[PDB]
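Before any questions on how it binds or moves, here is one chain, the form deposited in one PDB entry, in structure tokens.
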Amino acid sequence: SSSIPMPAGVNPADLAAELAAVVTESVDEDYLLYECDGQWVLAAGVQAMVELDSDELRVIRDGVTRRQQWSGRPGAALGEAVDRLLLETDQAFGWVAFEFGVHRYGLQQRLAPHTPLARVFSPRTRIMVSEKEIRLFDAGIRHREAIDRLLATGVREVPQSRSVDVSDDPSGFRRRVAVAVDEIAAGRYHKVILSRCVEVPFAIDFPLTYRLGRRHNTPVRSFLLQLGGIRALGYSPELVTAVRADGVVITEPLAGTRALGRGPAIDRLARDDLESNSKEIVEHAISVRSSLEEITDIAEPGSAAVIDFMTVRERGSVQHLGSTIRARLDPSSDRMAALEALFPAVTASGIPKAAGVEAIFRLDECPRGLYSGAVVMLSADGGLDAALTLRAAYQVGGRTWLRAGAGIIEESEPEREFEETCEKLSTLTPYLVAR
């Protein structure tokens, strides 16, 4: 409805991350900022919130809750609730937990009571931000003065970050990897993704940290949120599921990543390894095959295909190797069925998936929650965008932490894998802004 040209300097990411504080009608009002390749959407305030837990489904509106039992597949239950939410809003936002994908393997009985599966909400206001402009919608147009005020005074500057040590291994990651390798050697499964948490010994400013990190990470998707007691931010280069209004469904398993922008010789060496690494190539092939099979169960017959097989995508400080799998949703399926069909991401669980998920219940700190889960954006026209959450920071119940994993296979060395987790964490650890 209303628009404001984005000024000379003023980086969109910086303005978008600071918008919540000024449009937020009072308090620490919940919100979710979602970026889609340079296009930010801020969903500020909660009009209606849908909370799907392992044992209950709640709909909260203005402090009034509606509790009820749900049954069947979580995708069906969530889909029905979100479809009703979208009757009152053009877009809904939220996150889906790793645990959302365990029911399909008959492992939901292993979830403790009150395990969250999904949190989706209709916002009170939506603001879009791009390098070109700031767009306000409907009643949100009354935030024009506040936004103009912010641009007039300028956004808070970003202070220096505070370092954190990621070398300690309190959860025994190395030992857990040794256990997995043994199980794989025994033939119980081919691969499993195990992870470890790193506690941040000081409160961080999420909007500031998000902004600092966004100046060093340029993922196709990113997020910053404050929802139901959880603060989280992340940079997600992997799309676990995307459903378009026309029915096209896409998933993009990522094969591997290498640093970029360190000069010709170094960069080409890194790329050659990325495109020739037998280990990553084989695992990617297996992941692509897995995704094709999964998508085929919800697609129109003969519409599934692999587009851009093993292509390299350069994203500033890093370069990714991956593939895009595409299909057309079967007229008897739905976006939620598509999400659960590809959940949990094969790249963050294991192979066979059923065996991998089961191992994670035994060899990883559960519930994983947002980690290896997804942040989502749903549209009234049938659209769904789900970014896999891996490189992220969380704050819950007074605790702040990061989490990173590694794919474990028969030849994996616990020490090498521990080092891989350090490498991944390094995309966030140097940008933590305190307070």
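The first residue of the shown sequence is 1; numbering continues from there. Between two forms, the rigid core is defined as the largest C-alpha subset superposing within 1.5 Å.
What comes next is about the form deposited with a small molecule bound, which is not displayed.
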* Structure fact -> For the small molecule in the entry with it bound, the stretch among 403 to 411, 29 to 37, 56 to 64, 373 to 381 with residues bearing a heavy atom within 4.5 Å is 403 to 411
* **in the entry with it bound, the residue from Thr257, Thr209, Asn217, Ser291 that sits within 4.5 Å of the small molecule by heavy atoms** => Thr257
* Heavy atom within 4.5 Å of the small molecule in the entry with it bound - residue from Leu390, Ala393, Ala44, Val41 -> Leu390
* **Partner proximity in the entry with it bound: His320 to the small molecule, non-hydrogen atom cutoff 4.5 Å** => yes
* Using 4.5 Å between non-hydrogen atoms, is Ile193 touching the small molecule in the entry with it bound? -> yes
* Asked: Can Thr347 be called a contact residue for the small molecule in the entry with it bound at 4.5 Å between heavy atoms?
  -> yes
* **Core-superposed comparison between this form and the one not shown - Cα displaced by 2 angstroms or more, from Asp308, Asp297, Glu145, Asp182** => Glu145
* Is it true that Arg156 shifts between this form and the one not shown by 2 Å or more at the Cα, once the core is aligned? -> yes
* **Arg211 C-alpha shift between this form and the one not shown of 2 Å or more, rigid core reference** => no
* Please say whether, between this form and the one not shown, the C-alpha of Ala259 moves by 2 Å or more once the core is aligned. => yes
* Any idea whether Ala404 and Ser317 get closer or farther by CA distance in the entry with it bound, knowing it moves 3 angstroms or more? -> closer
* To do: Given a change of 3 Å or more, say if the Cα atoms of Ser317 and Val200 sit closer or farther in the entry with it bound than in this form.
  => closer
